[PDB]
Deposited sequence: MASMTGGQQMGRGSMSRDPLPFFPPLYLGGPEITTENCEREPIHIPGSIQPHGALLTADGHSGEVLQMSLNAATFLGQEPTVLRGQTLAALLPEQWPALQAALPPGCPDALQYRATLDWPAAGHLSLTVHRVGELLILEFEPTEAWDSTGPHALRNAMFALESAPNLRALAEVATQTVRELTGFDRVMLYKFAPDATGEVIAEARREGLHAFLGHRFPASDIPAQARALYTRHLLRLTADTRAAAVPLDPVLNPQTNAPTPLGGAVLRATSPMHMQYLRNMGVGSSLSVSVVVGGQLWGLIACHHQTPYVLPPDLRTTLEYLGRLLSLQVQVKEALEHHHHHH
């Protein structure tokens, strides 16, 4: 069972109890975007990240209490129609706004809407994946294609063994970087609660491995007096234990995509950049689609 989070009197995480970190409810986000939560009926703004002013151009005490009908009068009616009560937490409403461009992503958890604001601004990929004659070739073409699309310094295909140890089975990397190909890593480097979360939510990232997390205020959802679930928010703050691991490897930006085969976490497409780096929201949607394509192709090939 999970420890309480830091804001409910829980301990700082050490290597003795990695697996008990409640990574899904950090109560904070990464600073390259802004997050609001709102009531799914009234559109009343219930929580905001403390940096929301410098993104949305209003005072911090002024935003709390207002409704989305006032703030987003064009989007509010379509948002309600798109995410009605009872819909699953995987469904996403997406829009592009002009601002004094911002990408808006919304999902629903229970009676709460979660709004993510970020600045914004493939045919041949599909047939490259289908053409591969064996599993190795598919792995190599997948990492090389993802690197061409994104510009990341390193793209790995990271495969889980039955005992949850991992191995880099294919790799595309920048000239001068040393190889991780064939190296194996202990199960605890990606602990059990992360592996479970990564089976339901297929993409996550750390844009800057040195940036401090920005709190949500208030930290608890006023509907429930309980933590806000952020498992489905890409702006979710990353575990400080993983951030340190990345800094010690010399990585400034990290992103991975889940490869899910037969409902099981088969591997990750895992990406590194040496400097901080924000991938555009449109291009993340493409990566997500490639992960599903790769999952189907990996399934049929493992028969042979």
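Visitor: What portions of the deposited sequence, indexed from 1, have no corresponding C-alpha atom in the structure?
Guide: Deposited residues absent from the model fall in 1-20, 121-123, 145-153, 337-343.
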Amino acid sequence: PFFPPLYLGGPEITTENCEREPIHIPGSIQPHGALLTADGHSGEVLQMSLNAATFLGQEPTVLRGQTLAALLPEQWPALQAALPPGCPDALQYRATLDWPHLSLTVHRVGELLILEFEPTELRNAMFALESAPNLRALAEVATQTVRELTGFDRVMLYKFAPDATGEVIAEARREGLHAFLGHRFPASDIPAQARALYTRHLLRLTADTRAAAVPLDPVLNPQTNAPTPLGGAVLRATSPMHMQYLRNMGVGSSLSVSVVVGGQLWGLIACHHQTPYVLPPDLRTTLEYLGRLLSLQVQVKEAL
From here on, numbers count along this sequence of modelled residues.
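Visitor: Comparing 270-278 with 53-61, which stretch shows the greater average C-alpha B-factor in the deposited entry?
Guide: So the stretch with the higher mean C-alpha B-factor is 53-61.
Visitor: Would you mind comparing 290-298 and 18-26 for me and telling me which has the higher average C-alpha temperature factor in the entry?
Guide: Mean CA B-factor is higher for 290-298.
Visitor: Quick one: which of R184, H107, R174, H178 shows the highest Cα temperature factor in the PDB entry?
Guide: Of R184, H107, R174, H178, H178 has the highest C-alpha B-factor.
Visitor: Among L220, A128, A139, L115, single out the one with the highest C-alpha B factor in the record, please.
Guide: Highest C-alpha B-factor among the listed options: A128.
Visitor: Taking the chain's C-alpha temperature factors as the reference, tell me which third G40 falls into: lowest, middle or highest.
Guide: Ranked within chain, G40 CA B lands in the middle tercile.
Visitor: Sorting by Cα B-factor within the chain, modelled residues only, which third would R154 end up in: lowest, middle or highest?
Guide: Its C-alpha B-factor belongs to the lowest third of this chain's values.
Visitor: Relative to the other modelled residues in the chain, which third contains the C-alpha temperature factor of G232: lowest, middle or highest?
Guide: Tercile = lowest for this residue's CA B-factor.
Visitor: How does the C-alpha B factor of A213 compare with the rest of the chain: lowest, middle or highest third?
Guide: Its C-alpha B-factor belongs to the middle third of this chain's values.
Visitor: What third of the chain, by the recorded C-alpha B-factor, contains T199?
Guide: Answer is middle: the recorded C-alpha B-factor places it there.
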